[PDB]
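Engineer: This is the structure I have questions about; it appears just below.
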Amino acid sequence: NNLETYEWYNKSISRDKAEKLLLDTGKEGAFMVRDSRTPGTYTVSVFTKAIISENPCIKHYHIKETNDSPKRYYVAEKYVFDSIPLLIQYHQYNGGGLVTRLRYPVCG
């Protein structure tokens with residue numbers, strides 16, 4: 001199911017790099033993702049546009065997993081899915097809370 005292909009996915013990424021990558025572009029609710037190790041989910045680097053004296057906050061959202069049917073992964077005891085992409089696709093569209101429900105998957 002590897003994602004390594006979503007503007008938002010960033011393999012081997014960390015919490016700092018994603019923010020760094022996000023900071024590079026700095027969009028509204030920049031969306032990024034990074035593999036972890038937990039039950040097998042992925043991380044989501046979300047960045048909020050801003051600068052001046054501050055305002056741009058980058059949040060790393062991990063995709064929780066829940067042996068559902070399928071809705072396994074999620075990032076808010078909410079919309080659960082079987083993959084970050086759908087989990088992201090759902091955020092990217094719908095309105096899965098998040099900085100801004102995946103507004104722009106950052107792909108460093």
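Starting from 1 in every chain, residues are counted up; chains themselves are A, B, ... following the order of the structure tokens, and ligands are numbered from 1 as listed.
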At a cut-off of 7 Å, using only C-alpha atoms, what residues contact residue 39 (chain A)? Leave out same-chain residues fewer than 2 positions from it and give the result as an mmCIF file with C-alpha atoms, in the first residue's frame.

Structural biologist:
```
data_model
loop_
_atom_site.group_PDB
_atom_site.id
_atom_site.type_symbol
_atom_site.label_atom_id
_atom_site.label_comp_id
_atom_site.auth_asym_id
_atom_site.auth_seq_id
_atom_site.Cartn_x
_atom_site.Cartn_y
_atom_site.Cartn_z
ATOM 1 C CA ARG A 37 6.588 2.369 13.091
ATOM 2 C CA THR A 41 0.351 3.823 10.100
ATOM 3 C CA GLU A 65 -4.909 2.380 12.696
#
```

Engineer: Residues within 12 Å of residue 5 (chain A), please, as a list in words. Count only C-alpha atoms; anything in the same chain fewer than 2 positions from it doesn't count.

Structural biologist: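 Neighbouring residues, sequence-local ones excluded: residues 1, 2, 3, 7, 8, 9, 10, 11, 32, 33, 34, 84, 85, 105, 106, 107 and 108 of chain A.
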
Engineer: With distances taken over only C-alpha atoms, which residue among A:88, A:50, A:99, A:58 lies nearest residue 15 (chain A)?

Structural biologist: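 Checking each of A:88, A:50, A:99, A:58 against residue 15 (chain A), counting only C-alpha atoms, the winner is A:58.
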
Engineer: Can you tell me, as a list in words, which residues in chain A count as strand (DSSP E or B) by DSSP?

Structural biologist: residues 9, 30, 31, 32, 33, 34, 35, 42, 43, 44, 45, 46, 47, 51, 54, 58, 59, 60, 61, 62, 64, 65, 73, 74, 81, 104 and 105 of chain A

Engineer: Got a sec: who's within 10 Å of residue 82 (chain A), counting only C-alpha atoms, leaving out chain neighbours fewer than 2 positions off, as a PyMOL selection string?

Structural biologist: chain A and resi 1+41+63+65-74+80+84-87

Engineer: Store the residues picked out above, limited to N, CA and C atoms, as a JSON list (two decimals), in the first residue's frame.

Structural biologist:
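That gives us selection_23.json:
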```
[["chain", "number", "residue", "atom", "x", "y", "z"],
["A", 1, "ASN", "N", 0.83, -1.20, 0.00],
["A", 1, "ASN", "CA", 0.00, 0.00, 0.00],
["A", 1, "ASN", "C", 0.87, 1.26, 0.00],
["A", 41, "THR", "N", 0.93, 2.63, 10.71],
["A", 41, "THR", "CA", 0.35, 3.82, 10.10],
["A", 41, "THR", "C", 1.42, 4.75, 9.53],
["A", 63, "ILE", "N", -1.44, 8.88, 11.25],
["A", 63, "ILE", "CA", -2.65, 8.16, 10.88],
["A", 63, "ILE", "C", -2.84, 6.95, 11.78],
["A", 65, "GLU", "N", -4.40, 3.59, 13.34],
["A", 65, "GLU", "CA", -4.91, 2.38, 12.70],
["A", 65, "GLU", "C", -5.92, 1.68, 13.59],
["A", 66, "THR", "N", -7.02, 1.20, 12.99],
["A", 66, "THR", "CA", -8.05, 0.51, 13.75],
["A", 66, "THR", "C", -8.68, -0.60, 12.92],
["A", 67, "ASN", "N", -8.25, -1.83, 13.17],
["A", 67, "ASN", "CA", -8.76, -2.99, 12.44],
["A", 67, "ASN", "C", -10.27, -2.88, 12.21],
["A", 68, "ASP", "N", -10.67, -1.93, 11.38],
["A", 68, "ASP", "CA", -12.08, -1.72, 11.08],
["A", 68, "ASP", "C", -12.49, -2.55, 9.86],
["A", 69, "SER", "N", -13.51, -2.08, 9.14],
["A", 69, "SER", "CA", -13.99, -2.78, 7.97],
["A", 69, "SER", "C", -14.29, -1.82, 6.82],
["A", 70, "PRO", "N", -13.25, -1.18, 6.26],
["A", 70, "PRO", "CA", -11.87, -1.35, 6.68],
["A", 70, "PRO", "C", -11.42, -0.25, 7.64],
["A", 71, "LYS", "N", -11.79, 0.99, 7.32],
["A", 71, "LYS", "CA", -11.45, 2.15, 8.13],
["A", 71, "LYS", "C", -10.53, 1.78, 9.28],
["A", 72, "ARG", "N", -9.25, 1.64, 8.97],
["A", 72, "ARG", "CA", -8.24, 1.31, 9.97],
["A", 72, "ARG", "C", -7.47, 2.54, 10.39],
["A", 73, "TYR", "N", -6.99, 3.30, 9.42],
["A", 73, "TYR", "CA", -6.19, 4.48, 9.70],
["A", 73, "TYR", "C", -7.06, 5.72, 9.89],
["A", 74, "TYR", "N", -6.57, 6.63, 10.73],
["A", 74, "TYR", "CA", -7.29, 7.88, 11.02],
["A", 74, "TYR", "C", -6.42, 8.83, 11.85],
["A", 80, "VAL", "N", -11.98, 6.85, 9.59],
["A", 80, "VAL", "CA", -10.94, 5.86, 9.56],
["A", 80, "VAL", "C", -10.89, 5.22, 8.19],
["A", 84, "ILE", "N", -3.34, 5.97, 4.17],
["A", 84, "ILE", "CA", -3.14, 7.39, 4.31],
["A", 84, "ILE", "C", -3.75, 8.12, 3.12],
["A", 85, "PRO", "N", -3.51, 7.62, 1.89],
["A", 85, "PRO", "CA", -4.05, 8.24, 0.69],
["A", 85, "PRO", "C", -5.55, 8.45, 0.78],
["A", 86, "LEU", "N", -6.29, 7.42, 1.17],
["A", 86, "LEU", "CA", -7.73, 7.59, 1.33],
["A", 86, "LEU", "C", -7.94, 8.47, 2.54],
["A", 87, "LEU", "N", -7.19, 8.17, 3.60],
["A", 87, "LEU", "CA", -7.26, 8.97, 4.81],
["A", 87, "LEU", "C", -6.92, 10.42, 4.47]]
```

Engineer: Rank nothing, just name the residue among A:79, A:51, A:27, A:14 nearest to residue 64 (chain A), using only C-alpha atoms.

Structural biologist: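 Of A:79, A:51, A:27, A:14, the one nearest residue 64 (chain A), counting only C-alpha atoms, is A:79.
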
Engineer: Could you go through chain A and tell me which residues DSSP, when run on the backbone, assigns to alpha helix (DSSP H), listing them as a count of residues only?

Structural biologist: 20

Engineer: Can you work out which one of A:49, A:91, A:78, A:62 has the shortest atom-to-atom distance to residue 29 (chain A), counting only C-alpha atoms?

Structural biologist: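 Looking only at the distances to residue 29 (chain A), the closest residue turns out to be A:49.
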
Engineer: Could you check how far CA of residue 36 (chain A) sits from CA of residue 13 (chain A), in Å to one decimal?

Structural biologist: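 Rounded to one decimal, the two atoms are 8.9 Å apart.
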
Engineer: Given only C-alpha atoms as the basis, pick out the residue of A:54, A:38, A:101, A:31 nearest to residue 6 (chain A).

Structural biologist: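 The answer is A:31, which sits nearest to residue 6 (chain A).
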
Engineer: Please determine, counting only C-alpha atoms, which residue among A:60, A:94, A:28, A:100 has the shortest atom-to-atom distance to residue 16 (chain A).

Structural biologist: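 Smallest separation from residue 16 (chain A) among the options: A:60.
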
Engineer: For residue 17 (chain A), which residue out of A:47, A:90, A:42, A:81 is the nearest one, using only C-alpha atoms?

Structural biologist: A:47
